[PDB]
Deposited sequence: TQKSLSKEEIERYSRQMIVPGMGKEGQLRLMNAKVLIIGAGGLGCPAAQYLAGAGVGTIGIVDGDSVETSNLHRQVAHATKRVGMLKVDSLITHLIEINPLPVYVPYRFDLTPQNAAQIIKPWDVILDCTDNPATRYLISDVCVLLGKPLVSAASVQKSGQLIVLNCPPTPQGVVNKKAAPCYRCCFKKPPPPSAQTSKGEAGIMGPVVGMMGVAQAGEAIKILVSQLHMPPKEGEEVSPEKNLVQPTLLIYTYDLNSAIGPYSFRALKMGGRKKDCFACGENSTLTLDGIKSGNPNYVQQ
C-alpha cells in the first residue's frame, strides 16, 4: 500500500534504485512484497540475506531445527536485522507438515524452497500449485547444486488449454529415488555451492516481484524471453580440482505443464482438503 519513500529508505536503497528497471516504482514493489523461505539452514541463510538486503517488505522463514537449544529460525532473524532493520521478519518456529503447510503459505506472494527433504519438496509444489503461488525451488548436496522457477506466472490447476508454467511434479515427475537420496547432513556440503544457489534463489524471487512476473498475461500469450513458461533448470557443479569451466553452468530448458501431471494437469485427483487428510501420503521415500 505504501506510495512514498522515507529519507531513511531513500538513503539505504539509492545504490540499486539508480539501475534500469528499479525506480521509486520498482523499489516499492519489493517493500510491499511478502516472500516466504521454507528451510533456515544452508540455502535459507544466503537466500534470506539477499532478500533482506534488497528490502523485501515481509520475509518469512520456516525451520523447527536448532543450531550446531536455540532454533535456527531465531538465530538467522537475529542475523538479518543487522543487514536491514526495516523489513518485517516472520519466524515459523516449527517444521512444516501437510496439516499446516496449507495455512503457512496462503498469506505469501512468492514461495522459496530450501527444505532439503524430498517428500516436503513435493508437498510444497502441490500446495503452492493449488493456492496459486509461484515457487523458486533450489537444491544443493556435496560438490553440486541446481535451481528452477516453477508455476510462474501461477496458472490455475487443470488449465492445460493455455501455454502454462510447469509444476515441480510436471518437472521431476515421479522420482524421488528411495535409496539414492543423500541429505546435506549425510554427504556434506562445500560453502560456495549452497551460497551461489541461495543468492540466485533470492535473485529469481526479487526479479519476479520487481518486474511483476507472477502477474498473468493480458487472450495474449506470455513472452518466451522471460523463460517463465519454458524455464531453464540451471545446474551448478563445483569441481575443486579445476577453475571455472565452460561446463560449470549448464542451462537445461524445461517443458510447460505436462497435460497429464498428477497435480497441476487435466483430471487431477488432488485437493487442498486431500493433503490435509494425508491424501497423497508422502510415503514415496
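No alpha-carbon coordinates exist for the deposited sequence positions 69 to 83, 234, given here in order along the chain.
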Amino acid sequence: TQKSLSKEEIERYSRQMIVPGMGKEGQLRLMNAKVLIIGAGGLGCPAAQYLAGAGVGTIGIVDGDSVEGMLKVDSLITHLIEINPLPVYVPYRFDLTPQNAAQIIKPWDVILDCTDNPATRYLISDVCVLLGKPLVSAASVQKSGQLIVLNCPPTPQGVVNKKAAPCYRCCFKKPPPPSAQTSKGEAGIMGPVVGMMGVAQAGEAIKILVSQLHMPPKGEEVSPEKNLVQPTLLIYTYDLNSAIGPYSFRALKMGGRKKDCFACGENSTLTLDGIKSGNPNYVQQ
From here on, numbers count along this sequence of modelled residues.
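Between 175 to 183 and 93 to 101, the higher mean Cα B-factor belongs to 175 to 183. As recorded in the PDB entry, 242 to 250 is the stretch of 242 to 250 and 53 to 61 with the greater mean C-alpha temperature factor.
Annotation for 78, 146, 201, 155: 155 ranks highest, by Cα B-factor. The PDB entry assigns its highest CA temperature factor, among 33, 222, 45, 234, to 222.
The deposited CA B-factor of residue 85 belongs to the middle third of values across its chain. Ranked by Cα temperature factor within the chain, residue 213 sits in the lowest third according to the deposited record. In the deposited entry, the Cα temperature factor of residue 161 places it in the highest third of its chain's modelled residues. Per the deposited record, the Cα B-factor of residue 192 falls in the lowest third when ranked against the other modelled residues of its chain. In the PDB entry, residue 24 places in the middle third of its chain by CA B-factor.
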